[PDB]
Number of protein chains: 2
Amino acid sequence: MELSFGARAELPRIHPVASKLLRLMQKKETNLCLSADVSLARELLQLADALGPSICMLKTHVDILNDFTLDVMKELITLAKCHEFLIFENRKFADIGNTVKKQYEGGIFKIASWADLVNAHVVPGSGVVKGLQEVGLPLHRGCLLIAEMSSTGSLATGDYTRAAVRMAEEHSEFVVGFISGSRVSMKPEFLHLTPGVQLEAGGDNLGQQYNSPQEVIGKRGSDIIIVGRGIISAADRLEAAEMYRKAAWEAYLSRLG
Amino acid sequence: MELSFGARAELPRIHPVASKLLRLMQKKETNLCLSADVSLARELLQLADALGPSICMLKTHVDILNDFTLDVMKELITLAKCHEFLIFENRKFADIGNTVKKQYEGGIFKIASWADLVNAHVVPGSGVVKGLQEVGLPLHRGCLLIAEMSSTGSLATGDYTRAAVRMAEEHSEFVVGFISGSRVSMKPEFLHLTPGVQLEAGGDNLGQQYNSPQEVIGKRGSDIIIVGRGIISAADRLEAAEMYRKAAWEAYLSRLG
Ligand SMILES: *c1cc(=O)[nH]c(=O)n1[C@@H]1O[C@H](COP(=O)(O)O)[C@@H](O)[C@H]1O
Ligand SMILES: [Cl-]
């Protein structure tokens, strides 16, 4: 009952942004999302260009980009179109509906204007989704709900995770998936993206816990690995990205049969 | 026995930021925080100056400020020092430790460089606090933990709320209190700040729910009301600020005896 990414792109209830992503995943043989956790535009753009062919998605961190401008994002969009990847902004929206609407659409960042995908916490209740949707729906954007977190002590467990899944189901015109550590929905229209991924066992000094691509994709049933430091800290970020891409792709192929 | 704000300001285990806030609350007879939910610097600085005398705190929304610069924040600080109120940035930090550290210190906004107070969601586990504290402690800052939310379908209930209180207790060198709808800790060194406050019954059309100053300060035992639209959308903003200040203050006096 496992389907390829390319077949999932054709599912009757699939959102257009999800279909676009699934098609490029299949085309490029990648289910790797780069977490571009860097402070300078030059580095962001150079990683985007060099690793573009290896990734299905680049996760931006505009709240840490010391030299953000909208022109930087225009250049990133050019690279995304060229190399074929989606732009996912990291910011974990987590406020009442009316607030997150403005945080998404406006300020200096104007996130909705350039991000294909955003993510939201479900702790406020579904108003968080509803607010983001008022902005992103006509822009053909999608949203991921944070159903589980990778960090030590995470409270996104049990009934909380179930609430996230229900909320996604009830807002499928805009919610395209989850940030989670494993498959949390049985519905194949939903994407599972998993951060906290490295080839080596370990964690960091501030509560991050790591699992491998083979574990996350192969055994836990997620779709896409989100990798920051496992790539960013490497001497050769391109080689690192290729190792992560192969790991995640081959784990996916093995669950297909 | 309930202590006055002035007496709480002198408690041996009080955090310096909380002491500063409690002293000016007592001095100015105000336990009102203005939520400065505006898009333009001119509007933020106008409200800060006009309403400064009536408030103990101004909650900024830098993620919606279309013309943010550091010079705007220098000028806001000058108003805060003149009128005597603290600056509390709204952004509900909600990510792993390593990420929120950078979101707090860096980017274009450099929140730690001008906000007295920040707030965090507890969903990621205690790393969210550890990460923020690594930046906030050197900068003499404080943090509030979001123990309850004002919105419909909030998951910040029960064991989640209890987890927030334990996290605060264990990080009392940085955490000075809570965003909550009610008193959640019995320790008088912690502040309670409550959003979703208006004089009349109701909500917004994106899940916000409202309670009155008398209910939240008097019956529910909170310390400070956070008010945005109840003031900002009024014809006469100074009069509205004064109505909320008087309401919150009298509720406090009555609980005190
Ligand atoms: C988001 C949600 C979550 O549960 N765990 C996370 O780590 N994140 C974000 O993903 C990235 C992890 O990066 P790294 O540990 O691979 O360097 C990071 O951007 C974090 O905010
Ligand atoms: Cl709030």
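Residue numbering restarts at 1 for every chain, and letters A, B, ... go by the order of the sequence lines. Counting starts at 1 for both ligands and their atoms, following the listed order. Side chains included, hydrogens not; waters and symmetry mates left out as well; all remaining heavy atoms used.
Ionic pairing of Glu242(A) and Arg245(A) is present here: one or more N-O contacts between side-chain nitrogen and carboxylate oxygen are shorter than 4.0 angstrom. Comment: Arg141(B) does not engage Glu89(B) in a salt bridge, judged by the lack of any side-chain N to carboxylate O separation of less than 4.0 angstrom.
Residues of the protein with a heavy atom under 4.0 Å from ligand 1 are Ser35(A), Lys59(A), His61(A), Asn90(A), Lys92(A), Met149(A), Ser150(A), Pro195(A), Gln208(A), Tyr210(A), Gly228(A), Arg229(A), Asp95(B), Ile96(B), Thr99(B), listed by chain and number.
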Next item on the list: May I have the step-by-step check of ring pair (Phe, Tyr, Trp, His ring centres under 6.0 Å) for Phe68(B) and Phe109(A), ending in yes or no?
Entry: CA-CA 11 Å; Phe68(B) 175 93; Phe109(A) 297 145; 9.2 Å; no
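Take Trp114(A) and apply the ring-ring contact (aromatic ring centres under 6.0 Å, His included) test, not counting sequence neighbours, and it matches no residue. Every residue two or more places apart in sequence or in another chain was checked for a ring-ring contact (aromatic ring centres under 6.0 Å, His included) with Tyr160(B), and none qualifies. Remark: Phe178(B) engages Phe190(B), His192(B) in a ring-ring contact (aromatic ring centres under 6.0 Å, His included) (not counting sequence neighbours).
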